[PDB]
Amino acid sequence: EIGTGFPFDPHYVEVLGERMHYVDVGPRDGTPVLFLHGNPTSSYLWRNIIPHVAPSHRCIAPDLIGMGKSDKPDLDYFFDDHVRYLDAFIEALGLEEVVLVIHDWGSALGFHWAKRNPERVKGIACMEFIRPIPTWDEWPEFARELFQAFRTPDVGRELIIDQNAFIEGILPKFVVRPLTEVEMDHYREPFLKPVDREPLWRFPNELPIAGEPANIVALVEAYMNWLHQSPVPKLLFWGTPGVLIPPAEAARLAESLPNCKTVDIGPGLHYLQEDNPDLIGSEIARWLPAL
């Protein structure tokens, strides 16, 4: 049966400013065995291996920096930071030769230390260690999406805020005729500073798609249900194939909205003003006096 206790006594050491924790049991002559844990574990992972090894060798299992009972200093916790703090943990204990028992990122660390002090590593016990993974096909399928998600950053902000996707990508995507550089530079001009793209990223995150955001969903619903009953003269322009108002939806609204005249601007996506402003303008002009 697998035991749940952590029956080891806390041993602390100061190193590069931080107090790290490590279990230390076993004798003090000969070769120590250094137990290196991974993510999101700590020395507790070894609680039921160590007692088999303790009655013969020194068992040293440290809590990696920022984990376990070691102190949690505010830094990135890059791999090269665990490297710095572990090297420094080893020497802070004066360890000479060691036998390594490693797992996971513990194994990236142990292996990497052993390559940098080969003369000093007398044996390596490993399990489930980090090799390179050439393709995502070799990650087990039941875990692939989860680990693919873990490496997904702020995709929306990176497209819109960083790469300016709504100017550089959506405008030409959503106009049928090609825009010109002069036109695109007019469009680029108010968002040359990335920080100013905040509204260009909040807008699509505010769209009423699949029930969210709920507030905007209900507000749009309410004005659309006002619109469906109001006798206000309405002029709907629509293009083929459109984006938000595809041709079949323009037809339905033609009879679905009171007192609504619709106009076929021809081939259009989203910015119909940029594919056929002449027809949109003249039809507005002709429709106005009749109000």
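All residue numbers are counted from 1 along the displayed sequence.
Relative to its counterpart among 197-205 and 82-90, 82-90 has the higher mean temperature factor, C-alpha atoms as listed in the PDB entry. Looking at mean Cα B-factors across 240-248 and 54-62, the upper value is held by 54-62. Reading the B-factor column for the CA atoms of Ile133, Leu159, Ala149, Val175 in the entry, the top value corresponds to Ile133. For the set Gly211, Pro118, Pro153, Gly169, the maximum C-alpha B-factor listed in the entry falls on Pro118. In the PDB entry, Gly3 places in the middle third of its chain by CA B-factor. Among the modelled residues of the chain, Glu138 sits in the highest third by CA temperature factor in this PDB entry. Among the modelled residues of its chain, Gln229 has a C-alpha B-factor that falls in the highest third, as given in the PDB entry. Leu75: CA B factor in the highest third of modelled residues in this chain (values from the PDB entry). The PDB entry assigns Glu221 a C-alpha temperature factor belonging to the middle third of its chain's modelled residues.
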